[PDB]
Amino acid sequence: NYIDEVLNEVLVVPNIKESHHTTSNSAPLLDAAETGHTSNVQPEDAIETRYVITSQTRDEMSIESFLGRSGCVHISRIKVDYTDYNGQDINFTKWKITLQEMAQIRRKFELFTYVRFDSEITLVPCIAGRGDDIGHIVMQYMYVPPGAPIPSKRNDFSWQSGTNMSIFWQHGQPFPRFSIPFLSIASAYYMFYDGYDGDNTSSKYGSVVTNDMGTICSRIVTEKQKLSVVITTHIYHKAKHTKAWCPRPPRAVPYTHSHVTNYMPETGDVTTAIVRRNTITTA
Amino acid sequence: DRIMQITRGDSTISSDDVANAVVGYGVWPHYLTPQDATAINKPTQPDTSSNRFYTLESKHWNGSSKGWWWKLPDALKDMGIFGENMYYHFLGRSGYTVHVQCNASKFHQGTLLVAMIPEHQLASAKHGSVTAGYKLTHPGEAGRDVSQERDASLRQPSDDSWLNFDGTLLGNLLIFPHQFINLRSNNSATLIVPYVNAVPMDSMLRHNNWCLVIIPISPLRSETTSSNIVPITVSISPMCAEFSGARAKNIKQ
Amino acid sequence: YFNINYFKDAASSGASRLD
Amino acid sequence: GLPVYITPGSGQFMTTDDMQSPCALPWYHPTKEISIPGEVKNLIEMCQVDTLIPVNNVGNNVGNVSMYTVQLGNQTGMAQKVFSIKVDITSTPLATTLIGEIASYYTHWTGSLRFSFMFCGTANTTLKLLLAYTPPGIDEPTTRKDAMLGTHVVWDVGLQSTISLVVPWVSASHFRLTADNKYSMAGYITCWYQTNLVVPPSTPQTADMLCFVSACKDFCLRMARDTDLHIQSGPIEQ
Amino acid sequence: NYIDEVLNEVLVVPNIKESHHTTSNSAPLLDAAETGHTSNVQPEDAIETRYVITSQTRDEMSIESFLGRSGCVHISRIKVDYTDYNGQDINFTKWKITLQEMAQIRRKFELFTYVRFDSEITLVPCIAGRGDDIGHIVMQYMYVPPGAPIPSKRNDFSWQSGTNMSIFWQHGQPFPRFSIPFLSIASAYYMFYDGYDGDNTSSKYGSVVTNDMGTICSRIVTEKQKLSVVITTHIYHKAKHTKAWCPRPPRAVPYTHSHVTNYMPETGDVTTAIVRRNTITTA
Amino acid sequence: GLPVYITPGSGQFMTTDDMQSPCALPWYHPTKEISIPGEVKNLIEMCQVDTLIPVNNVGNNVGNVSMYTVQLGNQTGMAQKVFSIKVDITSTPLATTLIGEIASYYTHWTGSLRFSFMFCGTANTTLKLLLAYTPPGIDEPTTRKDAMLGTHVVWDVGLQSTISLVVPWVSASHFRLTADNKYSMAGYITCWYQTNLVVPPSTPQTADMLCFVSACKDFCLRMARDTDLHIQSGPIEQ
Amino acid sequence: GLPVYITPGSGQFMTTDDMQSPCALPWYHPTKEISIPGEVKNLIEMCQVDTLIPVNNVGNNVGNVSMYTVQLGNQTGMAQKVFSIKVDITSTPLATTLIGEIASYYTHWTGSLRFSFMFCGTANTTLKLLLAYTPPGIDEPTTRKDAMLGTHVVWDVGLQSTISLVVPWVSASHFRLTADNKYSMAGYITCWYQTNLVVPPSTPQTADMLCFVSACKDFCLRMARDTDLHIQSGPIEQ
Amino acid sequence: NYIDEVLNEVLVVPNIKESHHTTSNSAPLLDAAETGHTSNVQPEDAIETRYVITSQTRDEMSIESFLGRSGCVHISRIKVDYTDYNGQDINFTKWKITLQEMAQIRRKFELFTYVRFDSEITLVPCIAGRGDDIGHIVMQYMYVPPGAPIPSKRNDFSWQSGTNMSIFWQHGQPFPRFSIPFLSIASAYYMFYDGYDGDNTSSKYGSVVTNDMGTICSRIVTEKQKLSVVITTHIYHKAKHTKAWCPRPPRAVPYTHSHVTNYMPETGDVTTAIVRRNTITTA
Amino acid sequence: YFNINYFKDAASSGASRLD
Amino acid sequence: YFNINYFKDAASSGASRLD
Amino acid sequence: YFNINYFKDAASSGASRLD
Amino acid sequence: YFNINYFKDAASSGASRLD
């Protein structure tokens, strides 16, 4: 286990045996792919192979090393104000819980229909000094599940978190990180969906009727400062203890908007990664 | 079977009809144990002569009635023996039995909600930080409200029912030990209740542990002569009364 | 060094294993 | 000493973490814990006790008590309807209820539920209502037949007095959200006359029914969150 | 234990067995709620149920996960002064020990008559820079039980804490936290009370005759600085190892003041969460 | 190395914590600890030794010694009263006492207490006082009968000389506060004449009684705190 | 306490590290995990399923479907050539393929590969193509003879319909780079006519062949990296 | 041990048994206090007691929880100078080893004649910024036993501590703490003394002939800075592993000076805590 | 990892258990 | 957790015990 | 103290050994 | 607590012992 796990030799690939010639009836190279199945032909079948003892692990080819990597999924921003502190909808951020709001990683999952996981979660606040001294800028992140009082503005009554989670980070002390159970009323997170809100010819349809899972109302606790700032707290996410069901063809068209598939670009012709050739004859 | 018989002193009560009986927090009232105790003197425990069936002052059930309460440690501040031992001692501890009688006919329609409540800190009727007055949370056999009128100069509680007098939607009140008196099945209501308090024996004078409330939910409705009065009578029995911290004697108020 | 789930909950733990 | 690496999360503070802290007041031996009749250990318990339902959720009634009774009337017509409320346990009239008040402390709910009704009528009085649970899928039924088609219970008013209607758990998602959500729509429950309210001579012809809701052993909640049903648009003074 | 405790499957709910029809005498659906008891009817009773093996824990529905969550219960503030340092009643805070001074969490307990617990306790100082440089602002929190010399002003003799507790926090070093035994002369904390100070028709009556448990006199040790500041040290509280007795109906009227029940708003009609319906007939 | 997480409380300082610290002066072998007659191990011990009570807590007397004696007088009347003090062990005259002085170092007290009185009278002299403990509940008694009704001890002055009066523990709260508090009011103790002070010829007719208070094995304190009874409105020089 | 030394790396953050974190939401018991038909555990699986190849990688064709078919034609001449593509699995036409699309998530690839072709011709139709794998070393062959000299497979179109051509693994370095690299050049594969496409009367004379590529159990990847084949020259709105 | 020690139930008090009446000869309530001994009478003796099983520990009533608490015993101060650095007797503190230099805690011991202990010791430097930037102000504390070169001024040769102890604290890094063996040539620390230096009618007499144990010469290593400061390094002290012999009556007169008993205030009449009553008859 | 009451007093400890 | 005198000397140790 | 590969991977470890 | 030469080399270790 150790060795196999430390040496990373858990999932090893078979070796390529030796072959000889075959002047025989059964032709393994011939199958009818229309059966929708996949061929089973190998080196040893087609050629006069040798003998290679392999030693490549398919460890890094596991839904956990494919998925289990932290990725920017949101960049909370706060261009503070000292003029009006508090006021409605200010100096505090709130953002709807999701992934589709930012590619590369959105891409990655979407490779599967259903998914399930405990999520890591890390916050990377970066304090840009627009003043001659930033002081001590404390911070409060927290999580507002449904249906819950989402701060109208900066000091509601909801920042008491008498029964909510609020993580606090003060300049110097390291990056806040924490983790989370798999939050869904369903046995798995719906990466997709072919359902709607209802029969209302104006109902919602997508990944989304099934994912109202939160939001995040933010706060820079410290009170009024002299010299201004702007805070940019980056939100990275990692999938630990993941499972996946029914793989899908990757995405080749740059999306737009989340919780939707829509590609149809604003005017520009739909572009894809495929390159053009002069002729099939020369590559 | 519904019939019930109860014997407490030299006194007994009967009821040819009933809705079970209820034991508050499923605990039966009893005497204090040398474990949870604290005091050091030998408690006087009047048996029978004290923990017997005292009946209070009766009341009228109106189509205008709003509700009436009695505070227990207090309702018997006059009831012989118990209510003397109360005044002669500092520490008092005791549990009760509440027999609520209210009959009328099978041609009547009405519903009373009866409930006991541990620490029933009432609210004042007036905004502020002024708490209800002593002298008004210490009515006596007579009880309080009815739907009465009074000086607003007095640091007077809330005559307000629906808020529970404490400002908790009555109806969640069902959380406190209770039962109703649906004149179509019921006749009485019987609550039995042990001694609940963070202390082994409290001050029978400063602190009322149990508070009892009776509230007309569905208004009394007959088609008879309003010559037909349908009282509501409450009877109570200290049970396992225990006293201690003997001395002079307090004073009536 | 391992299996020392310093935290109570299971959701908090390292990347799972392989089998 | 021990070559250590300080991990990302280190030094933070979470209103939700299990960690130890030096206890100021060393050597303190707290007051013993005497015995006290009735101690809780699980919200559940409180959730299984039927609390009364405001249903007469109507205008002037509302700030009063009546706001709790439902008078069963005349009804010239027949097969007429009484009331309706929707099941989504965080929805006035429900919400405020010991249950509701609670559920509003968690993000998700589940299981069956129990509705109980009581006749504060008369003795000589008689009636028969039909109560029904119309699962999520369509609109609260306009007519009885339409509603009788799904889950229901005919209630014979008699020497008993209390009929308890169960609300099975019908859902796609093992779990439902406590927060208003078109998806997690639990459905409606309604009540209608089966027969009438017949009263022999010189008995009133309107009477009330109280209604309640307690949980089922089915029941269970999760994901604690701060409540809905209470905005402290204070502060609080001294 | 582990698994059951790590998997959080300690308190599991029963499953819903299968039923068949019943054309029988005993009617479980009929009980008389006037008995004050609660019905015992189930799915299986009322309908023709199926068979569902459950898997929901009532773990998070425990007085410890209901109560055991940190909540703002006080926000100590110090608008420093450099003009007059010391002086009487300045630059040092003191505050009466309690909870009812701030909702959401006050709400939460009040759900029960009696309560008992060891309390966590955490301090979240936030230093707002009103100057061009905050220096090194050290801090001293401490606790003044009864009857004890409460600092008249900033440097008394009581800040020597020869036998008291004073926690010290210096800008940078993390949030001060600590814990505490259950402090009451009584076997439990009285969330409520129906007692008074005495027979004096002017005596006190409430939760409160029974809770004079302290106060907190504060101090910013550092001495006189040049560039001003304002400190806001937030006081969070968590209940660990809790017990509760005799539940109560929640609160629906926004309170005012602490150690009292009083609702009666200043003029405004008493408002509650209940909503109004046009008709009972349609929901 | 060891992936560690630094917890909230970390780096703080508490005047009340149990932690180790590098010892400067390594390799130091302290002077041996010779044997010394009388070593304490518990405040309690000190609390069980009766210290004298200032009770003649009156005007000019106070800065002197007399402030300790209580002269038993004439008394033309009969059944008259001597003195009174209240039990709340942090209340001058009590306070200053080895006990009081102490208790004022803790927030809470409990158990029984012992009051002892001694006759510095004569030999040929005689008397009989009645001492009483009036538990918390009412007012310090104006009259003897009223006070005799509760806890007391008749004291026959004779060849003995010292009568010790116990103060049982009567309270609601297992524990009482050391700080003045209307709630935690322990009560009053008073002394009156049962008979008189008779003296045969040519003996003085006034004489004194000393009074004291030591603890009971009942006794116990908690929640250490800094004292009351001493304000260093100094400093202290060199 | 434990004399510890904080190591260099301490306090950092890596998008690639295995460490634990306090779980907010303590005591949460997630929805059970019901059974669901078809769950993956390894990219590999997806890599072994043959996905179709865009090869008609030509002009107007490209944005359409045709971009997938290869029509086998007339051919006046004989021994003429059909098409060619190069093996470097991250090279349009390959790239976009379930495999390619993937491989582009890792820095290095290895093992054998499988190309399969299918005749969407007719029944009465006949043909014989020669497919060949020209290992890395020289230029994609201009002529058949030259290409037939290396690895190949003659394909007899018949009642079967699908011929699968294996691409052995020939390389110096156990491993090849997924990124375009002159060194790690995998080679070319091409197809030519062995005979012709003969069709009896009144049958079309052009027909198509679809082509595919799935992996071999040989196969394996490593060094995960972010993809090539997708530039989010967005953002993404709401 | 654990439970008993964790539950803090080590020293428990007896319970109050039950009594009955006694119409008997031996009168326990009668003893003659002149014997100098203490009565032994109890509840059970005097009254008709009941039965109370106790549960109060005398744990917190131990010379270790009575003594073992940190207390300010000195406040080293340095009003830096940049004008003249070094110079004689500057920018470096030195202070004579003792306790009597500051009440509340002085009080506390004095409750006993002899005492013995290992001392904790903690330093709480607080850097007040009197400048627009405090830089990096390093610090050196150390200990100068007798007879040893006590720095004449700031950089002597004694700050090399080739064989002395010097603890170093740099702004940010936490409070310096350390501990110490019981330093006395004697088997115990003399809280008092009725001895003198000699027969010289001008010799010293007190706690003090027996406690010349040190002094502390201080230093702010960093060199010359630009923007001024003032440092205030507080010295707290805790008694761990303590023993005490022959208790004494507490102090009721505010002292003045150390190593002496002297009370005699400057003019003011000697004041004590005792309060005055109108009459003994009413309390 | 658990039951390591790093601190002496009991009041200081994690959230209790369940039973 | 206990008796781990991380330091050599005895003078350095926690508050003693009780007996 | 040793062989406590606090990290999973082998590439992360101390300087190897000698033999 | 002791003999935990957290470091490899011997030159790195506490003050030796006594014998």
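By letter and in written order, the chains are A, B, C, D, E, F, G, H, I, J, K and L; residue numbering begins at 1 in each of them.
Just so we're on the same page, a residue touches a chain if its C-beta (ideal position, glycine included) is under 8 Å from a C-beta of that chain, and two chains touch if they have at least 3 such contacts.
Engineer: Among E-I, C-E or H-I, whose interface repeats H-J's (more than half the contact pairs identical)?
Structural biologist: Answer for the repeat of H-J: E-I.
Engineer: Which chain is the middle one, judged by CA centres?
Structural biologist: If one averages C-alpha positions chain by chain, the most central is E.
Engineer: I'd like to verify one number: the distance from the centre of subunit D to the centre of subunit E, where each centre is the average of its C-alpha atoms, in whole angstrom.
Structural biologist: 25
Engineer: Between subunit B and subunit I, what is the gap in Å from one C-alpha centre to the other?
Structural biologist: 43
Engineer: At what distance in angstrom does the C-alpha mean of subunit L lie from that of subunit A?
Structural biologist: About 49 Å separates the centre of subunit A from that of subunit L.
Engineer: Touching at least two other chains at once: which residues of subunit H meet that condition?
Structural biologist: 5, 7-8, 11, 16, 43, 47, 49, 56-57, 59-60, 62, 64-65, 69-71, 102-104, 107, 118, 124, 174-175, 178-182 - these are the residues of subunit H that touch more than one other chain.
Engineer: Scan subunit G for residues touching two or more other chains and write them down.
Structural biologist: 1-3, 5, 7, 11, 13, 18-32
Engineer: Which subunit C residues touch at least two other chains?
Structural biologist: 1, 5-15
Engineer: What part of subunit J is in contact with subunit G in the complex they form?
Structural biologist: Going by the criterion above, the answer is residues 4, 6.
Engineer: Which part of subunit F faces subunit D closely enough to touch in the complex?
Structural biologist: 1-10, 14, 16-18, 173-175, 222-224
Engineer: Touching subunit I in the complex: which residues of subunit E?
Structural biologist: 5, 10-11, 59, 62, 64-65, 68, 118, 178-182, 240-242
Engineer: Which of the residues in subunit I end up touching subunit H in this complex?
Structural biologist: Checking each residue of subunit I against subunit H gives 5, 8-10.
Engineer: Across the complex, what residues on subunit G touch subunit D?
Structural biologist: 2-7, 9-13, 19-22, 24-26, 28-29, 31-32
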